[PDB]
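The structure under discussion appears below in the form of structure tokens.
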Amino acid sequence: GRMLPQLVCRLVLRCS
């Protein structure tokens, strides 16, 4: 995984 399964939800946290 990593940078794929959370690339979206993180996207939120991408900007976190």
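If you're wondering about the labels, chains in the structure tokens are A, B, ... by order shown, residues count from 1 in each chain, ligands from 1 in order shown.
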
Requested in this report: May I have all residues of chain A that DSSP, computed from the backbone, assigns to alpha helix (DSSP H), given as number ranges by chain?
Outcome: A: 7-14

Need the shell around residue A:3: protein/DNA/RNA residues with any atom at most 12 Å away, counting only C-alpha atoms. Skip same-chain ones fewer than 5 positions apart. Format as a PDB file with C-alpha atoms, in the first residue's frame?
```pdb
ATOM      1  CA  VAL A   8      -7.500  10.176  -1.335  1.00  0.00           C
ATOM      2  CA  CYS A   9      -8.358  10.423   2.329  1.00  0.00           C
ATOM      3  CA  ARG A  10      -4.854  11.679   2.831  1.00  0.00           C
ATOM      4  CA  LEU A  11      -5.393  14.125  -0.022  1.00  0.00           C
ATOM      5  CA  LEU A  13      -4.307  15.330   4.851  1.00  0.00           C
ATOM      6  CA  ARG A  14      -2.165  15.883   1.754  1.00  0.00           C
TER       7      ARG A  14
END
```
